Amino acid sequence: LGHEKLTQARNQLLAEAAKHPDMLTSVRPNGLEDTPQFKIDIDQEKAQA
Amino acid sequence: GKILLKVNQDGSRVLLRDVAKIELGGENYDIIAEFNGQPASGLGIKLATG
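Residues numbered from 1 in each chain as written, not as in the entry; some residues may be left out. Chains lettered and ligands numbered in written order. Part of a larger assembly, values for the part shown. Heavy atoms only, no water.

- Method-wise, the PDB entry is recorded as coming from X-ray crystallography, at a reported resolution of 3.0500 Å.

- The name given to chain B in the PDB entry is Acriflavine resistance protein B, and the organism recorded there is Escherichia coli.
- Readers searching the PDB will find this entry under the title "Structural basis for the inhibition of bacterial multidrug exporters".

- Taking the PDB entry as the reference, chain A is identified by name as Acriflavine resistance protein B belonging to Escherichia coli.

This is the structure we're talking about:
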């Protein structure tokens with residue numbers, strides 16, 4: 001499935017989870033949220049030349 | 001496929017797809033299996049010593 005799709009799934013379940021406060025409190029993700037990152041992509045051709 | 005091997009005199013590019021079929025395929029083509037004459041795969045298991 002891949003990260004994105006899982007991240008959705010997770011949220012689905014996590015959203016659907018947090019609407020039953022009757023039975024289930026603090027249903028949280030234990031890991032980290034996606035973040036921005038600076039990608040320095042190289043042109044191959046260019047370097048050759 | 002879009003890999004760049006060299007750039008040509010007329011300026012065109014030599015892509016990997018130019019000098020190779022590029023396909024998804026088995027690391028090896030040693031084993032071919034068949035369940036009842038039909039296309040199959042499997043894994044045989046060998047119980048660990050003890």
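There is more to say after this.
1. Here we look at the pairing of strand 1 (residues 4-7) of chain B
Inference 1: Relative to strand 2 (residues 13-15) of chain B, strand 1 of chain B runs antiparallel, the two sharing three bridges. Across the sheet, the residue bridging to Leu4(B) is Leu15(B), located in strand 2 of chain B. (Pairing = 2+ DSSP bridges. Helix = DSSP H or I, 4+ residues; strand = E, 2+ residues; numbered from the N terminus.)

2. Let's talk about unusual backbone geometry
All names here are of chain A.
Inference 1: The backbone of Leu-24 shows a phi angle near 135°, a positive value even though the residue is not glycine.
Inference 2: On the secondary structure map, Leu-24 appears in the loop between helix 1 (3-17) and helix 2 (44-48).
Inference 3: The phi dihedral of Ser-26 is positive, around 70°, even though this residue is not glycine.
Inference 4: Positionally, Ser-26 belongs in the loop between helix 1 and helix 2.

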